[PDB]
Structures are given as structure tokens and as C-alpha cells.
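Descriptive structure summary
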Amino acid sequence: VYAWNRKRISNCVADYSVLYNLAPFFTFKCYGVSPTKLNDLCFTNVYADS
Amino acid sequence: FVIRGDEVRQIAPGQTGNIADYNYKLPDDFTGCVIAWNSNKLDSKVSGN
């Protein structure tokens, strides 16, 4: 956890079908928001923390 | 019903999951109850894959 260093991901096409395309990807559901609506929802400045 | 078991929490009724998004859908609040039978030793197949 102490690393906190990663490359930046932005201004990209966040197609959630790519998440299912990867074999070991399992969790993509949001607790408060249904993934069905999230399939085409748009966000700004979203990066995966390391 | 028969399932793996590693993802029963997500595919549980009333919530979205892998198998839940695959085949079976349930209403927002169905009157029935859900019961999961956790087979421990004997009901688990040890020979057939």
C-alpha cells in the first residue's frame, strides 16, 4: 500500500464489456448504483488506485 | 437450483450477480424466501468433473 505510484488513466472509452472480456475479472458491481445503468454512465477523472 | 457457491452473495435474489445477470431474474421484492443448502462433505462429487 505504501507505493501509491501508478500510471494515469483518463480521457478514455470506459467500455464495461472490456471488464468482462478479461478472464479473471469478477467484481464490477457498485453497492449504491445498479451496473445496468452504469453500462453507459459517464464519469470524469477516474483512476484505479494501487 | 445448483451453483458454484463462490459468488452466491452477488447472485443472491434481490441483488445483481454473475449468474443473476446471466439466466435468472427475480422481482424487486418477491414474497418467497431463499434457502441455500450448503453441502459439506457427502453431497459434493469427488470423482466426476
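Residues numbered from 1 in each chain as written, not as in the entry; some residues may be left out. Chains lettered and ligands numbered in written order. Part of a larger assembly, values for the part shown. Heavy atoms only, no water.

As recorded in the PDB header, cryo-EM is the method behind this entry, and the stated resolution is 3.02 Å.

Things to note about the overall build of chain A
The cut-off we apply is this: The numbering of helices and of strands both runs from the N terminus, where a helix is a DSSP run of H or I of at least 4 residues and a strand a run of E of at least 2. Atoms counted for the radius of gyration: C-alpha only. Globule rule: 2.2 Å times the number of residues to the power 0.38. Categorising residues by exposure relies on relative accessible area from a 1.4 Å probe, with only protein chains included: less than 20% of the type maximum marks a residue as buried, more than 50% marks it as exposed, and the intermediate range marks it as partly exposed. Only the protein chains shown count as cover for residues, with accessible areas throughout obtained via the Shrake-Rupley method and a probe of 1.4 Å.
Per the secondary structure count, chain A includes 2 helices and 0 strands. In summary, chain A has a C-alpha radius of gyration of 13 Å against a globular reference of 10 Å for 50 residues, an excess of more than 25%. C-alpha atoms of chain A, sized along the principal axes, occupy 35 × 25 × 20 Å. Taken over 50 residues, chain A has a buried fraction of 4%. When the accessible surface of chain A is totalled, it reaches about 4900 Å², and 60% of it is carbon and sulfur.

Here we look at the packing of aromatic side chains
Residue and element names in this part refer to chain B. Stated formally: Stacked, edge-to-face and tilted labels apply to pairs of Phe, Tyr and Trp rings (six-membered ring for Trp) whose centres lie within 6.5 Å, assigned for plane angles under 30 degrees, over 60, and everything in between, in that order.
Following the criterion strictly, the structure yields 2 aromatic pairs over all chains and no others. Where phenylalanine 1 meets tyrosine 24, the ring centres are 4.9 Å apart and the plane angle is 85°; that geometry is what we call edge-to-face. Taken as a pair, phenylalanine 1 in the segment before α1 (18-22) and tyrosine 24 in the segment after α1 lie far apart in primary sequence, 23 residues in all. Take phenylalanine 1: its relative accessible area is 85%, and that puts it in the exposed class.

Considerations on a nonpolar patch on the surface
Rule in force here: For patch detection, residues must exceed 30% relative accessible area and be free of salt bridges, and they are connected within 9 Å for like charges or within 5 Å for nonpolar side chains (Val, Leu, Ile, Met, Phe, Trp, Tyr). In the sections that follow, a salt bridge refers to a side-chain nitrogen of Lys or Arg positioned within 4 Å of a carboxyl oxygen of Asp or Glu.
On the surface, a cluster of nonpolar side chains totalling about 340 Å² of accessible area is made up of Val18, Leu22, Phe25 and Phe28 of chain A. Following the sequence through the fold, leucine 22 of chain A ends up in the loop between α1 (16-21) and α2 (35-38).

Thoughts on the interface of chain B and chain A
What counts here: Note on definitions: a residue-residue contact is assigned when non-hydrogen atoms from the two residues lie within 4.5 Å. Here the quantity called buried area is the accessible surface, traced with a 1.4 Å probe, that two parts lose on coming together, added over both. Identification of polar contacts relies on pairs of N or O atoms within 3.5 Å, with a donor-acceptor requirement for protein atoms, meaning one able to donate a hydrogen and the other able to accept it, and with residues adjacent in sequence counted only if both atoms are side-chain atoms. All amino acids are sorted into three groups, where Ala, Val, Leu, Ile, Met, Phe, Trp, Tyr, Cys and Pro are nonpolar, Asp, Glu, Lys and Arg are charged, and the leftover types, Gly among them, are polar.
In this complex, chain B contributes 5 residues to the contact, which on the side of chain A involves 6 residues. Of the roughly 430 Å² buried between chain B and chain A, counting both surfaces, carbon and sulfur atoms make up 48%. Per-residue buried area on chain B facing chain A is highest for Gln10, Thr16 and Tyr22 of chain B; these three make up 67% of the total on that side. On the surface where chain B and chain A come into contact, there are 1 residue pair in polar contact. The residue makeup of the side of chain B that touches chain A, split by class, is 1 nonpolar, 3 polar and 1 charged.

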